[PDB]
């Protein structure tokens, strides 16, 4: 197995926990010491297994035979999923005490922007647990099973979802408009209109993303955070974030979030995970 480095501290229990909550049945498998899932890179497929080694601050990655031809890209995808690039000394020195409770926190990324786009859309309105359920049905109906690993299914490709019947997706438990949004996103992915990597001007791209049918500011923001691992974006419209800033309007929440620039993505995560956090008694 391939091995990738990381800079301590790294809160692996928090990260794995974060992933377990959103895990999709038949696609991912999350345990306390490892993370494994189906993975498609073009027409190459397999299973990637990520095993952290805390004593050596190394991450071991195993790839099933089908992914070997594109080994390096699988490693890149894993590195983005686990935010291996993070230097906590930098971020913690800037967030100050907002992050002192859990200095090893990282930005959970994704393995594929299109999948993350599909996840963001399905995450609208519903609970984290509910989305994971819905996403599990979309994968079940539209995803390709692996010949070498039978109860692992690959997340649905852009081509398969683009040729799906809106009524069919609606039948899995989502409004018509949401099913439509998924089909439009798949087409954008096919055309290459959906940025699969973080753009130079994130706010302009999110602006373009919002013209898409079914994608408002919450989804564009959340997608930028997870799909691109954009490090400086807040979610002033998030359900939980509004509770964290009781009695505050979306714009207030962001003039406030401004203090955490240019690591607002990290501030966002800490707040979500700080049980009794509340704006300063200033």
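Residue numbers count along the first chain shown, from 1. Just so we're on the same page, rigid core means the largest C-alpha set that superposes within 1.5 Å between forms.
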| item | value |
| --- | --- |
| Positional deviation of Cα atoms in 8 other deposited structures of this protein after core superposition, greater for 273-281 or 2-10 | 273-281 |
| Residue stretch of maximal mean CA temperature factor, 253-261 vs 221-229 | 253-261 |
| Mean Cα B-factor comparison, 62-70 or 244-252, giving the higher one as deposited | 244-252 |
| Most elevated Cα B-factor in the entry, residues 91, 205, 168, 196 | 168 |
| Most elevated Cα B-factor in the entry, residues 99, 192, 108, 117 | 99 |
| Within-chain third of residue 13 by Cα B-factor, per the entry | lowest |
| Residue 37 - which third its CA temperature factor falls in, relative to the rest of the chain | lowest |
| Third of the chain, ranked by Cα B-factor, where residue 52 sits | middle |
| Relative C-alpha B-factor of residue 178, binned into the chain's lowest, middle or highest third | highest |
| Chain thirds of CA B-factor: placement of residue 164 | highest |
